[PDB]
Structures are given as structure tokens and as C-alpha cells.
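Heads up: the structure comes next, in C-alpha cells.
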Amino acid sequence: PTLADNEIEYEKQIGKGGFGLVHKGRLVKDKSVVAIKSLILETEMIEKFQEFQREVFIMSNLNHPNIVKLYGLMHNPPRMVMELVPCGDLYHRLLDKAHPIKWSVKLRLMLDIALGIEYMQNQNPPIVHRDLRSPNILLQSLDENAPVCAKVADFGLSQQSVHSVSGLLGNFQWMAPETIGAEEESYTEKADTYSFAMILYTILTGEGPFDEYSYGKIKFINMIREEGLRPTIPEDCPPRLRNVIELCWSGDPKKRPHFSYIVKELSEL
Ligand SMILES: COc1cc(C(=O)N2CCOCC2)c(F)cc1Nc1ncc(C(F)(F)F)c(NC2CC2)n1
């Protein structure tokens, strides 16, 4: 949690983010594998700074198997040295239509994500991620017997406050109705629960949430908020899962369940 200047060999670039680049690396002492996130700079630059900083502050206190870990910080640009999750992100995996994820594995993924969010929500005060979407779910392993299959990543937009937070969120297909409207109304970690419903939906169907509809942006947002528009749950969905998704994506945040219930229900599938 103290810096790590050098001691890191770069191996390859694996991604990009809101504030910089992401590379796969090795450590010399152990040679253990790692991921490095750099910060590369009204202003956009301030948002980038704030985001990098926010990820560090939030991640600084977290330790859970289903949460990417922060290992150290670096100072030359600067950088966050984190856990390397080798199977990539969920969004890309789901695009491989020819190789559907095995049902047992889908369940592992759902549970693992729920456990991570449950842990976020049990913090004092609770953490609201605000960016829970498939690109931000990383895959440790697709083996149904692995210790960990999925981890929550990218805490750049995260808040951890005693009160409700606010701020308009884009990526409306993944975000709660109370967070996407033009008037900047307040919300809570119940917003993340809604996003999780959409994560459940994407895993279940292998489809992007709301991809079945086509509307202009204003109409789409109004539909989600004022008409209760939601993705259609397939007929073949197991009843207990259908129930969890429906409750989680309730228009009323108060109706979205506590993760103790969500985790118990998912475990029954
Ligand atoms: C071997 O590790 C990966 C491979 C990929 C991957 O499958 N690639 C295939 C196509 O070229 C780019 C990398 C990936 F997207 C993410 C990987 N791992 C990983 N591990 C940790 C993180 C991090 F920063 F959040 F802590 C992360 N961020 C993703 C890249 C934006 N990615």
C-alpha cells in the first residue's frame, strides 16, 4: 500500500479506461502476475484525476475475493498495481455466441458478483459503485470448480457516503431510473442492486440489456422511468431467478432486496 517504483516488468497492454491505460505485468520478487492502471492527462483532466484518486481511496479499504485487489501504487505517471484477472471481461466473453457459457458456470458468475456487491453494501458506510455493467466484471476463471470465477472491477465512479448521492449516470441501459433522469435526484446503493439485475439478465441471455428495443435517448429514458420498461425475461428462466431479477429492477428502490436474500436465492438455483 506503499509505493512500488519499479520492481514491475511490463508485459502487454490489455485495456484502456476512463483515465489512462491498462497493462499486464510481472513482479520480479515473485514474478507474480499483475495489472497496472495509469493516469494519463469543466475539465476532463480533473475528472480523470478525481476518478483515479477515487479508485485508490475506495479500494484502499477493500479485501474480498470477488473485488479486484489493489496491491500498490506507483509514482512515475502515477499508477495502481492491481490484481490481474486472466480471462478478461464478461462483456467480451458473452459476445462469443458460438460458445455459450455452461449453465453451472453462469451460476457461479451470478453468485460471485452478488457476493462482491453484498460485501460493498455491508461496508460502513455502504459503497455505491455506480458503474456496474458487464465490461466491469472480470473473469478469473470459467471452470465451474474454481475458487473464484468473477470479480468486480473499476471503482472510479464509486461513492462511499453517509447520505444519498447524486449525479446523473450515462449507460442508461444499466442504470436505475432514479439516476438517469434530467433532474438530479438522490439515490443509494439500491441503484447498484438495479444494475445487478441487468448483470443477471445479460448472463442469463447472453444479450445486452434493452437491446430488444430501439428508442431515441429521451424516449428510452422516459420509458424506463415513467413506463417501467425493462428487458423481457425469457420464458425458460428458472422461476427463482425470474423473481430475483424482477425484484432487483423494481422502480421503487425500497423494493429491491438486501443482498443476504439475493445471495440465498441464487444459491438455490
Ligand atoms: C489476461 O488479463 C486480461 C486479458 C484481457 C483480454 O482478454 N485481452 C484480449 C484482447 O486484447 C486485450 C486483452 C482483458 F480484457 C483483461 C485482462 N485482465 C485484467 N485484469 C485486471 C484489470 C484491472 F485493471 F481492472 F485490474 C483489467 N482491466 C481491463 C483491461 C481493462 N483487466
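When a residue number appears, it is its place in the shown sequence, counting from 1. Just the heavy atoms: all of them, side chains too, but no hydrogens, waters or symmetry mates, feed the values below. First listed ligand is number 1; within each ligand, the first listed atom is number 1.
Side-chain atoms of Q160 come within 3.5 Å of backbone atoms of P125 as a donor-acceptor pair (strictly under, hydrogens ignored). Checking side-chain atoms of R108 against main-chain N and O of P147 turns up a donor-acceptor pair under 3.5 Å. Looking at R54, its side chain does come within 3.5 Å of a backbone N or O of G156 through a donor-acceptor pair.
Among protein heavy atoms, the minimum distance from atom 32 (N) of ligand 1 is reached at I14 CD1, 3.7 Å. The protein non-hydrogen atom at the shortest distance from atom 2 (O) of ligand 1 is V85 O, 3.4 Å. For atom 21 (C) of ligand 1, the nearest non-hydrogen atom of the protein is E83 O, 3.4 Å. Here the protein heavy atom with the shortest distance to atom 23 (C) of ligand 1 is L138 CD1, 4.0 Å. In terms of protein heavy-atom proximity, atom 1 (C) of ligand 1 is nearest to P86 O, 3.3 Å. Regarding atom 28 (N) of ligand 1, its nearest protein heavy-atom neighbour is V22 CG1, 3.9 Å. Among protein heavy atoms, atom 6 (C) of ligand 1 sits closest to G88 CA, 4.6 Å.
A salt bridge links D154 to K37: at least one charged side-chain nitrogen sits closer than 4.0 Å to a carboxylate oxygen. Salt bridge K97/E207: present, at least one basic N to carboxylate O contact under 4.0 Å. Ion pairing between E9 and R26 fails under the 4.0 Å rule for side-chain N and carboxylate O.
Grouping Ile, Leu, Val, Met, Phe, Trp and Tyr residues whose side-chain heavy atoms lie under 4.5 Å apart, directly or via other members, places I40 in a hydrophobic cluster with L21.
Within a 4.0 Å radius of atom 30 (C) of ligand 1, the protein contributes one or more non-hydrogen atoms. Protein heavy atoms all stay at least 4.0 Å away from atom 10 (C) of ligand 1. The presence of a protein heavy atom under 4.0 Å from atom 13 (C) of ligand 1 is confirmed.
Set against the non-hydrogen atoms of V68, the atoms of ligand 1 under 4.0 Å away are 26 (F). The ligand atoms of ligand 1 that sit less than 4.0 angstrom from a heavy atom of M82 are 26 (F). Each of the following atoms of ligand 1 lies closer than 4.0 Å to a heavy atom of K37: 24 (F). Numbered from 1 in the order shown, with element, the atoms of ligand 1 that lie under 4.0 Å from a heavy atom of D154 read 25 (F).
Using modelled atom types and a 3.5 Å distance limit, the side chains of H129 and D131 yield no donor-acceptor pair. No hydrogens or angles considered: nothing links the side chains of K190 and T188 as a donor-acceptor pair under 3.5 Å.
The shortest N or O to N or O distance between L84 and ligand 1 is not under 3.5 Å.
Here the CD1 atom belonging to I203 is positioned 12.0 Å from the CZ atom belonging to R93, to the nearest 0.5 angstrom.
Residue contacts with ligand 1: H92 is excluded, as none of its non-hydrogen atoms falls under 4.0 Å.
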